[PDB]
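Single chain ahead, written as structure tokens, the form deposited without the partner chain.
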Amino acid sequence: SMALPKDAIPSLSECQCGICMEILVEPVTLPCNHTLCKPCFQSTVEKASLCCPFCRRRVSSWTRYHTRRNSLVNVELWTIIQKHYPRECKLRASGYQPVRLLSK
């Protein structure tokens, strides 16, 4: 939801990808300000219909723009996640729903 105050410890639940529920890894923040982990971005966005999976904002030009500049990852957010949940980030780097409405 809102800005994390300076030096505040973020809750785990803010640091989880809202698509896959894993800790956010290499978070990608779309220009509508929704964020998802890079693996989810590749699956649910880059390789699907290039819309934000949260608000359906079109993100095809945004994706070309940043893929070309290798700047997909929100680096400041990624910094903060690894600072506060480093073990979670390591574990990930090691590898009932009535409403199924998000494609692959």
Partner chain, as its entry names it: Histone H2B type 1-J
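Numbering follows the first chain given and starts at 1.
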Which is higher on average in the deposited entry, the C-alpha temperature factors of 47 to 55 or of 23 to 31? 47 to 55
Residue, from 95, 18, 10, 86, that the PDB entry assigns the highest Cα B-factor: 95
Lowest, middle or highest third of the chain for the C-alpha temperature factor of residue 80? middle
Taking the values exactly as deposited, rank residue 70 by C-alpha B-factor within its chain and report the matching third: lowest, middle or highest. highest
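Same protein, other form: the form deposited with the partner chain bound, not shown, and the subject of what follows.
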With a cut-off of 4.5 Å between heavy atoms, is residue 63 one of the residues that contacts the partner chain in the bound PDB entry? yes
Heavy atoms within 4.5 Å of the partner chain in the bound PDB entry: does residue 26 have any? no
With the partner left out here, check for me: in the bound PDB entry, does some heavy atom of residue 30 sit within 4.5 Å of the partner chain? no
4.5 Å heavy atom contact, residue 75 to the partner chain in the bound PDB entry: no
Scan 30 to 53 and write down, in order along the chain, each residue with a heavy atom lying within 4.5 Å of the partner chain in the bound PDB entry. 45, 46, 47, 48, 49, 50
